Amino acid sequence: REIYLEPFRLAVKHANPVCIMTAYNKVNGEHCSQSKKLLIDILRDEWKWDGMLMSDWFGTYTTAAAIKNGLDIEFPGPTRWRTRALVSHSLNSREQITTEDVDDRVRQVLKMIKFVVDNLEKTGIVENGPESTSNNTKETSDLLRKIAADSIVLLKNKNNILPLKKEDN
Amino acid sequence: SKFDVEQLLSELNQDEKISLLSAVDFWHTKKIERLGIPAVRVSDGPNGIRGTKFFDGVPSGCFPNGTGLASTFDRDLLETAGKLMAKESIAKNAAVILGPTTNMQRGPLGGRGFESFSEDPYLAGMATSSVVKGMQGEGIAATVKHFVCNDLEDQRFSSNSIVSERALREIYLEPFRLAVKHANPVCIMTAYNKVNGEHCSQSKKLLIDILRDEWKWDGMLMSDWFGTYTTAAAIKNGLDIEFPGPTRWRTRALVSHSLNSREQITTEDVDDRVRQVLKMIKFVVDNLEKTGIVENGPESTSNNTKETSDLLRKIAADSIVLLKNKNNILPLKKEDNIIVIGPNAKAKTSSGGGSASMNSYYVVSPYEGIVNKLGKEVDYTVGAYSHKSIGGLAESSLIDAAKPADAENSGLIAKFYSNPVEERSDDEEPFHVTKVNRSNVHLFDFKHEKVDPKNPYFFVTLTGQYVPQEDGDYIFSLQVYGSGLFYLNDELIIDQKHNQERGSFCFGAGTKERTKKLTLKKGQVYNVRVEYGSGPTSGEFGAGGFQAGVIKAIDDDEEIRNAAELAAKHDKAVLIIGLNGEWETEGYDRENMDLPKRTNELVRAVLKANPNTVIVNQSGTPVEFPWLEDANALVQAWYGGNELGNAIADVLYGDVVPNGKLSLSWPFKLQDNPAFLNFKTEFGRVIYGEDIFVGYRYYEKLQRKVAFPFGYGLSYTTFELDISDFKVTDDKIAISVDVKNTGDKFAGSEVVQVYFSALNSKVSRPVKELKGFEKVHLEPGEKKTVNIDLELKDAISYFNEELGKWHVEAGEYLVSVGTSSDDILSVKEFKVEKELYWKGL
Amino acid sequence: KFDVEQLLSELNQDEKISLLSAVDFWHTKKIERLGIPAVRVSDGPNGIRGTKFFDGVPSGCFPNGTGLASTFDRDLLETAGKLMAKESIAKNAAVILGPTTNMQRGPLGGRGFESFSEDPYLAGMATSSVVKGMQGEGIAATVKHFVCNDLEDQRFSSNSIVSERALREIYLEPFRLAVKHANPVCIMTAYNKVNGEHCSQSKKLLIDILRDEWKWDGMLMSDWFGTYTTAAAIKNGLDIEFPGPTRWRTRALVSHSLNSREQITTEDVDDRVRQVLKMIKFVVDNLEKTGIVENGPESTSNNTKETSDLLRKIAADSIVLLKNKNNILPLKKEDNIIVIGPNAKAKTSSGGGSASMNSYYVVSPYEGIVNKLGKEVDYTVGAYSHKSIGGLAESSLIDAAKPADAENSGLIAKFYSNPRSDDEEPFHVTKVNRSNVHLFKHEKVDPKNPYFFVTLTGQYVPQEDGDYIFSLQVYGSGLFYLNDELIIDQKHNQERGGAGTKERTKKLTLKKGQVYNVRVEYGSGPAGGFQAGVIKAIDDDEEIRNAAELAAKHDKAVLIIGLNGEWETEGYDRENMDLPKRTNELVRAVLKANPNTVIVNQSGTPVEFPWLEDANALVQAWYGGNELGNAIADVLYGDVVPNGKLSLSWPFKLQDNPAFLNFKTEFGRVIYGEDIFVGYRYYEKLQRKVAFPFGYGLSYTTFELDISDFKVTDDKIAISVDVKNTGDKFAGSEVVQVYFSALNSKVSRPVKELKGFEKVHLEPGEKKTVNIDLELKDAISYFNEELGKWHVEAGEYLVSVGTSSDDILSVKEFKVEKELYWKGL
Ligand SMILES: OC[C@H]1O[C@@H](O)[C@H](O)[C@@H](O)[C@@H]1O
Ligand SMILES: OC[C@H]1O[C@@H](O)[C@H](O)[C@@H](O)[C@@H]1O
Ligand SMILES: OC[C@H]1O[C@@H](O)[C@H](O)[C@@H](O)[C@@H]1O
């Protein structure tokens with residue numbers, strides 16, 4: 001609660017991120033990408049966060065549990081755990097999941113996509129669009145310089161060695 | 001033999017191990033060459049060997065269906081049928097047989113009631129054991145299916161059989177326990193259903209605690225086809241091999257990812273499953289010298305011999321049960337001036353529908369059997385129709401009308417294309433071309449390099465020429481799984497592309513029948529043409545299938561009177577009725593116990609015109625006979641396989657004297673049956689409310705009368721018997737029974753049935769329980785002693801559900817001996833004083 | 001002003017713990033310091049026994065539940081519960097342990113007589129009426145036994161295994177109706193398990209359903225000793241353990257669990273205490289209306305004419321006329337009659353066990369007939385049918401040469417510390433009226449190691465010459481002495497026959513007029529009990545013969561038969577559905593000798609009448625309470641026109657019934673194999689014929705009905721039925737019964753379901769209109785097990801209106817487009 005969830009709670013409360021990516025590892029015996037405690041009880045019922053959960057890449061471990069327990073989307077394609085056969089066979093055989101679980105998941109994907117589409121006139125994104133270096137400007141350059149320069153930490157400076165002055169050999 | 005399980009296990013790499021956990025195609029395990037582990041071929045089923053294909057498959061020897069087989073009450077004969085299934089398997093180059101089936105007819109309505117043996121767990125177990133010993137003695141592996149409580153078809157992939165441990169132990173598990181104890185089958189197939197909330201195929205309790213830790217069985221478990229539902233649980237929990245390939249749940253990526261991620265399974269689980277698949281392969285390989293099986297070998301009809309014909313005929317004829325024979329109507333004689341009537345008379349109902357069915361060498365219709373017998377033409381009239389759907393089109397069409405009705409111009413032509421007719425250029429060639437004999441084109445397992453098994457996407461143009469035999473109205477029909485358009489003379493008549501409605505076709509997963517009735521002219525030539533697309537062309541689909549059919553419309557009304565008029569004019573009428581493999585099939589259950597359509601009307605009319613009528617019924621499970629009181633001769637013929645017609649004739653004319661006994665109770669009415677209210681998957685479940693009171697255990701407990709009881713069958717002669725010796729130690733029962741043919745004309749076989757009863761137990765039980773039987777042949781006036789010896793523990797235990805173990809209780813017991821569960825002739829009381837609690841075999 | 005939350009804030013932990021169990025058999029815990037009083041509870045559902053069995057204060061015994069339910073009269077059941085409240089105030093019991101509403105899934109249930117109906121709508125409306133009548137008087141109801149205590153066999157351990165659908169539709173349903181319509185102040189949890197878990201600690205039942213879903217806010221008490229754990233019962237929702245002194249919730253067990261973090265938290269304890277406090281608040285808030293006096297005395301003050309007349313009406317309206325050919329009924333006062341049969345002079349007012357009591361009086365059916373006709377009435381017993389011989393105290397005297405006063409009739413019971421020099425004294429002496437002596441508190445008696453001895457004495461005087469059979473049953477030890485001569489030994493060799501012994505008997509030739517000395521030396525239970533009886537021996541064949549002969553010499557015979565509260569009792573179920581002993585032979589002979597014999601049958605549950613076809617007039621009396629005999633007279637002569645309907649299916653034979661195979665606890669479990677198909681739900685689905693169906697009963701007049709108006713909204717059904725007495729002689733009541741059917745549902749269902757009923761009184765030729773309004777969801781839902789929810793499904797439905805489940809007289813088809821899923825009330 002106090003260490004690991006907190007940064008996420010703060011980011012959900014203040015920034016409402018659109019997406020969250022589930023970790024590769026387990027927490028207390030259960031893989032995070034199929035942990036109902038983490039993905040539903042805490043994120044949904046408790047924090048009322050309404051963004052979309054994507055797995056880490058290949059970080060999916062079951063067909064039915066992950067769907068039931070709140071992993072919205074498996075990355076990357078092409079799907080391993082969620083082929084049409086696997087999922088619809090689970091549904092028709094009553095193993096683990098219901099169409100409502102599948103709905104629940106799809107619904108969250110739809111909301112992410114909603115965010116993207118509603119912003120397409122602001123951002124100008126182009127589906128399967130090309131990739132430029134259009135943002136390679138001096139104005140970008142100065143920002144990255146600023147941001148970099150403010151990151152630096154001075155740990156020691158005895159007897160005015162720093163700053164250097166250009167007179168110094 | 002060289003084949004070394006442990007050595008090979010230590011040599012296989014992880015990729016290869018995973019590849020061993022799933023079939024490669026519909027019927028073959030994974031070849032591994034660098035290690036000389038061959039592909040093993042498996043084949044359906046419990047009453048004959050279909051081989052590697054439904055469509056265009058090699059003909060074979062179809063046996064009588066299970067409930068017929070069990071009615072023989074003949075262990076030796078059932079062993080012999082096993083030997084014969086094995087020979088038939090070898091000709092198909094199948095090293096493993098997907099059978100026998102032994103789920104329990106807890107009610108009469110099951111889609112596959114016909115396929116299993118008996119409601120009685122003892123008769124079922126012994127029958128299973130007998131067939132399994134016959135196959136494996138010959139070196140072919142058996143696969144007892146379906147483990148366990150797959151006792152209806154409704155929603156079988158999800159259905160949850162909710163059953164107490166006592167009933168689980170005493171009814172359902174028990175034929176498998178008997179099979180394992182006496183016959184040790186090489187394989188078992190896990191069921192599709194759940195038991196008490198868990199899919200059988202990933203059930204630790206069924207697959208490991210019981211099969212392995214308790215019974216110590218060491219064979220290999222396979223899934224039902226597609227009956228696997230998780231990747232890891234199924235592996236952890238004991239399912240050795242997934243069928244069919246290509247794999248779904250068990251790709252290299254799913255499994256190793258599960259392994260690398262520490263989710264559910266370890267390499268030990270994987271090795272445990274592989275070891276078992278290696279044990280089965282070693283059975284096969286160890287038996288190669290003896291069997292002659294050739295890896296991916298060809299399929300022949302090489303066992304189609306007179307020796308086979310005779311044996312199938314003996315098996316069928318001994319399965320027949322005589323139910324009623326008043327007024328010396330039977331046997332028929334060459335003299336009697338008979339007529340043959342009824343919807344099943346010229347029908348060839350050799351088997352039930354589904355995976356148990358096959359292409360037969362030939363099937364002798366019951367009409368043909370009679371004709372063969374008398375050496376003349378025999379009067380006939382159809383009486384009424386009783387088909388579920390219209391077939392018959394390929395069976396009566398020619399490629400070229402101008403030529404004679406050959407074996408080469410008969411049927412239709414099927415042409416397979418990668419692309420559909422609306423879209424292909426005329427210089428596109430078929431990728432496959434087959435001559436078609438049967439109207440049901442069943443493409444489940446069709447295989448070609450142009451067809452992708454992960455997405456079987458393809459088309460068929462089916463062509464021929466139809467020449468009508470009478471003027472009048474004809475009904476054409478089309479059923480599909482996928483997409484279908486039916487053309488007559490290039491005008492579309494049935495449309496099965498648009499607005500498809502779910503129906504009975506294809507294990508209940510296909511479309512309804514759509515039809516078009518058209519006025520037609522005799523001798524005129526009509527061009528028939530079916531355009532078809534497989535499942536994925538038209539959810540997630542299988543390859544599918546389709547059926548084009550035609551039938552000659554009739555005046556149903558007029559044919560019933562006609563039939564009665566004709567029967568009044570004959571000395572005797574022989575009325576052949578019943579169900580068929582469309583009414584009784586894998587895929588779905590019957591809806592009621594009724595004979596179909598006008599059948600009953602037909603019977604009433606014939607029994608009125610002529611009381612000297614013999615009724616011969618073909619069904620796998622009970623049907624109601626409403627007009628039973630008036631029917632003086634009634635024969636239960638089951639589905640008798642290739643020789644069904646000759647077996648019927650044999651029994652009708654007394655060259656074989658009836659010796660079948662019913663393997664199932666025959667209630668008067670559907671409402672009388674124990675599972676009346678719980679024979680449907682509802683909210684995904686089925687509650688076994690009758691508990692251990694299945695079959696005659698139910699009827700006797702309620703003193704409910706049935707049309708005909710478990711173990712009943714008449715003969716042409718008569719028998720009496722009496723216990724001639726009796727001796728119980730503290731751990732065995734030996735009993736001797738003398739049986740005498742008291743008649744003076746016919747030689748006959750009689751079945752001695754041994755039942756047990758506890759007299760003042762404090763646990764509730766059935767009144768009595770079959771625990772022994774023997775079949776004996778006797779000439780007129782001949783007398784033989786038959787001996788019957790069993791362990792106490794096997795004859796008088798009940799399963800104590802509170803303690804989780806079997807229990808021989810101290811008290812008084814009663815052995816009852818007789819020739820049906822309702823015809824006890826001889827009893828004896830004994831005391832048992834030292835008790836016994838046991839688990840295992 | 002009794003404040004629950006402020007009291008919860010003020011009680012210390014030990015006081016909290018002490019509220020979680022009862023003090024003794026009948027009382028909660030007084031907390032002087034905060035003004036929290038001890039609350040007396042008392043059995044049962046058909047009248048109020050009070051704080052003791054032995055030497056109990058007499059009381060008003062009502063007819064038994066299945067009889068009650070058979071009235072189909074909410075107003076009357078409501079009046080009845082109002083009377084039960086007065087009877088309770090008279091015993092100073094602030095809380096009644098009733099009504100009982102478990103379900104007769106089969107007929108043999110030992111407590112089947114005690115609940116209401118196999119139909120959950122009838123049970124739930126009966127329950128709701130009785131509770132509304134109790135609580136309007138400010139006396140609290142306790143609905144029991146929650147849930148699936150549907151047989152007695154091994155009830156403390158019996159696991160009822162039942163699907164969630166049958167559980168919702170049949171067994172939870174009368175409790176749901178009661179909560180929804182009557183809000184009982186209390187509920188008693190069952191002794192058994194449901195699906196593996198004792199009810200008294202089942203979170204699903206006690207919290208998820210009763211609290212989270214139904215929002216019911218009353219108090220749960222265990223059945224008596226029906227608590228099985230310390231912590232789980234407290235965690236899982238059992239508010240108070242009865243009886244005290246506590247076994248499972250001592251200060252040490254409870255607080256040790258708290259301090260050791262084992263299972264429970266102080267929050268769990270508070271939650272239970274809060275619920276006890278709320279029940280206490282109901283009692284204290286009604287003290288001005290009720291006049292309950294804490295630990296107050298118990299009186300017979302409600303024994304009045306008002307009470308007698310009401311118990312008479314209730315009993316008479318319970319009765320169901322089952323057959324009446326040839327107008328044998330009603331009888332004319334001038335008919336020459338003989339009264340025959342084992343139940344004729346019996347007083348079978350109730351079934352056995354906790355529901356039984358000591359009555360002000362019980363009018364036998366014979367007496368009822370005597371009172372009716374105002375003169376002596378010919379009689380012969382015909383046959384005996386007792387399970388055990390009693391009747392000794394009921395026919396004995398202290399000193400024979402003194403008249404049969406009330407002070408002198410019975411036996412003297414002298415209690416002793418030791419079984420002794422001349423000079424030990426009795427520490428208690430009681431006048432004993434009834435032969436079965438049931439044990440009891442005394443200062444010289446060690447609470448739970450109770451060792452004592454009883455010297456039971458008096459004089460017995462034979463009224464006839466010949467043979468007489470004496471008897472003793474003990475739980476413990478005792479000896480029977482007649483004229484200071486041992487005659488029956490229940491000390492030395494003992495046989496179990498359910499905690500105590502088998503009956504031992506001695507046949508003795510006695511002489512009319514002569515005074516014999518009865519002395520029984522009893523030994524205390526290691527808390528006990530015993531029964532010394534005596535009966536005149538009869539020649540059974542000759543007595544059947546005699547009754548036949550006599551019957552032939554009269555116009556009419558009235559034969560009174562059936563079971564009794566020893567054959568139908570809490571504690572065990574029946575073995576079979578047979579009438580006892582030679583009853584059936586008695587009946588055959590009488591019917592042969594006089595075909596115009598009226599048969600009146602007393603039982604809580606169905607019995608087989610094998611001779612039914614030859615019986616021309618047949619009446620189901622039930623167990624009638626104090627006024628049973630008068631009520632029977634009223635019906636036979638037509639001062640009450642029979643107006644009851646069967647609250648139960650009456651199959652021909654035991655084997656026909658749906659629970660035939662699973663009505664026994666085997667390996668500790670009972671499989672509800674029939675699922676939703678209970679009672680008529682079963683028989684209509686199988687189209688199995690029964691002797692008499694649910695909701696059947698005749699009248700002395702004829703009636704007709706039709707739906708005279710019908711309306712459905714998306715939310716509601718309103719129906720108007722016109723009913724008319726088409727006779728010109730008797731006024732009488734008819735019961736309009738409203739059933740629903742689903743005509744095209746995806747789901748399997750009963751052929752039809754009772755969902756409404758109204759009882760209507762009509763003078764000859766009179767016509768009335770009854771209205772019946774219901775919300776769809778009440779009328780046509782089924783429980784969807786897969787979804788875990790009730791479902792109003794779209795489709796076509798049929799309402800059928802009739803005078804029995806068979807006798808359907810008017811129907812209407814309607815359509816439902818608005819589908820609805822729901823939970824809760
Ligand atoms: O590159 C796609 C994803 O790959 C994963 O291995 C990393 O953990 C993620 O941080 C990253 O977004
Ligand atoms: O066809 C192969 C298998 O398929 C399944 O449809 C059936 O349930 C099995 O009995 C059969 O062996
Ligand atoms: O007698 C007090 C209580 O005891 C238990 O024996 C019964 O089950 C209850 O119905 C009764 O209220």
Side-chain angles (χ1 to χ4, degrees), chain B residues 70 102-107 116-129 144 147-151 161-182 191 195-196 205-206 209-211 214-215 663-665 674-675 678 686-701 710 754-758 761-773 790-809 811 813 821 835-841, chain C residues 161 661-662 664 666-669 671 673:
Chain B
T102 182
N103 294 117
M104 304 308 264
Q105 304 82 351
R106 63 177 283 274
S116 295
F117 288 120
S118 171
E119 74 202 27
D120 184 73
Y122 190 74
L123 171 59
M126 290 308 105
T128 292
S129 191
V144 186
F147 194 67
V148 74
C149 305
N150 176 32
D151 317 296
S161 309
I162 301 190
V163 53
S164 78
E165 184 77 358
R166 195 198 182 167
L168 185 66
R169 293 287 184 160
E170 295 190 20
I171 308 301
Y172 301 103
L173 279 181
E174 178 69 358
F176 289 87
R177 185 189 72 91
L178 291 178
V180 158
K181 175 198 186 75
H182 292 303
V195 166
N196 298 320
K205 136 129 149 141
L206 295 175
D209 303 3
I210 286 175
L211 278 179
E214 195 200 321
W215 297 353
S663 56
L664 289 180
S665 295
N678 37 40
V686 173
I687 293 176
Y688 294 31
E690 75 280 357
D691 204 52
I692 74 185
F693 304 100
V694 165
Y696 70 95
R697 302 158 150 79
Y698 178 77
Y699 297 105
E700 284 174 10
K701 199 76 172 175
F710 178 81
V754 183
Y755 291 90
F756 291 77
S757 295
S761 162
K762 240 207 72 124
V763 165
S764 183
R765 290 187 218 217
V767 177
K768 63 195 177 292
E769 289 176 277
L770 187 75
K771 291 291 157 86
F773 55 98
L790 333 140
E791 345 185 70
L792 270 179
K793 104 182 217 324
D794 293 314
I796 58 144
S797 312
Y798 74 94
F799 189 92
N800 184 304
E801 160 182 299
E802 184 161 14
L803 301 170
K805 66 186 69 158
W806 300 90
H807 183 205
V808 169
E809 196 183 11
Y813 292 75
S821 59
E835 58 169 15
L836 173 74
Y837 289 98
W838 59 282
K839 293 170 107 294
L841 269 9
Chain C
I161 299 176
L661 296 172
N662 358 73
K664 219 105 200 149
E666 347 201 26
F667 319 113
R669 49 72 153 180
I671 288 160

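All chains are named by letter (A, B, ...) in the order of the sequence lines, taking the proteins before the strands, and each is independently numbered beginning at 1. Values reported hereafter were calculated over all heavy atoms of this structure, with side chains retained and with hydrogens, waters and symmetry mates removed.
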Quiz item: Would you call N196(B) and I162(B) a side-chain contact if the rule is heavy atoms closer than 4.5 Å?
Solution: yes
Quiz item: Rounded to the nearest 0.5 Å, how far apart are CG of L173(B) and CG of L206(B)?
Solution: 6.5 Å
Quiz prompt | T128(B) side chain to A124(B) backbone, donor-acceptor under 3.5 Å | solution = yes
Quiz item: Where the side chain of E119(B) meets the backbone of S665(B), is there a donor-acceptor pair that is under 3.5 Å apart?
Solution: yes
Exercise. Nearest 0.5 Å please: distance from the CG atom of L168(B) over to the OG atom of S161(B).
Key: 9.5 Å
Quiz item: Angle class for the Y122(B)/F773(B) ring planes (parallel below 30°, perpendicular above 60°, tilted otherwise)?
Solution: perpendicular
Quiz item: Could you give the distance from CD (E700(B)) to CZ (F693(B)), rounded to the nearest 0.5 Å?
Solution: 11.5 Å
Quiz item: Rounded to the nearest 0.5 Å, how far does NE2 of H807(B) lie from CD of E802(B)?
Solution: 12.5 Å
Practice problem: Report yes or no: is the cationic atom of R177(B) (NZ for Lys, CZ for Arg) closer than 6.0 Å to the six-membered ring centre of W806(B), at no more than 45° off its axis? | Solution: yes
Self-check item: Ion pair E165(B)/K205(B), N-O distance below 4.0 Å
Solution: yes
Quiz prompt | Any side-chain heavy-atom pair of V763(B) and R166(B) under 4.5 Å | solution = yes
Quiz item: Are any of the side-chain heavy atoms of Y172(B) and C149(B) separated by less than 4.5 Å?
Solution: yes
Self-check item: Considering all heavy atoms, the nearest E666(C)-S764(B) contact
Solution: OE1-CB, 3.2 Å
Practice problem: Give a yes-or-no answer on whether the side chains of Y688(B) and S164(B) include a donor-acceptor pair shorter than 3.5 Å. | Solution: no
Self-check item: Mutual orientation of the aromatic rings belonging to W215(B) and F147(B) [parallel < 30°, tilted 30-60°, perpendicular > 60°]
Solution: perpendicular
Quiz item: Taking the side chain as C-beta and beyond, is there a heavy-atom pair between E791(B) and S797(B) under 4.5 Å?
Solution: no
Quiz item: Does the side chain of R169(B) reach to within under 4.5 Å of the side chain of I210(B), using non-hydrogen atoms?
Solution: yes
Quiz item: Rounded to the nearest 0.5 Å, what separation is found between the CG atom of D691(B) and the CZ atom of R697(B)?
Solution: 11.5 Å
Self-check item: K701(B) and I692(B): CA distance, side-chain angles, deciding distance, side chain to side chain contact (heavy atoms under 4.5 Å, CB included) verdict
Solution: CA-CA 11 Å; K701(B) 199 76 172 175; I692(B) 74 185; over 6 Å; no
Practice problem: Rounded to the nearest 0.5 Å, what's the gap from OG on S757(B) to CD1 on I796(B)? Could you check? | Solution: 11.0 Å
Exercise. Would you please name every residue forming a salt bridge (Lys or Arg N to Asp or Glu O under 4.0 Å) with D151(B), sequence neighbours left out?
Key: none
Practice problem: Kindly indicate whether the side chain of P766(B), heavy atoms from C-beta on, has any atom under 4.5 Å from the side chain of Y698(B). | Solution: no
Quiz item: Hey, are the side chains of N800(B) and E809(B) touching, using non-hydrogen atoms and a 4.5 Å cut-off?
Solution: no
Quiz item: What are the two closest non-hydrogen atoms of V144(B) and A179(B), and how far apart are they?
Solution: CG2-CB, 4.4 Å
Quiz item: Checking side chain to side chain contact (heavy atoms under 4.5 Å, CB included) for the pair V686(B)/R106(B): CA distance, chi angles, key distance, verdict?
Solution: CA-CA 12 Å; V686(B) 173; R106(B) 63 177 283 274; 3.6 Å; yes
Exercise. Quick one: sort the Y755(B) and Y696(B) rings into parallel, tilted or perpendicular, breaks at 30° and 60°.
Key: perpendicular
Quiz item: Got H182(B) and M126(B) here, is their nearest side-chain heavy-atom distance under 4.5 Å?
Solution: yes
Self-check item: Donor-acceptor contact below 3.5 Å, side chain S118(B) vs main chain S663(B)
Solution: yes
Practice problem: Write down the atom of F667(C), the atom of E801(B), and the distance for their closest heavy-atom approach. | Solution: CD2-N, 3.7 Å
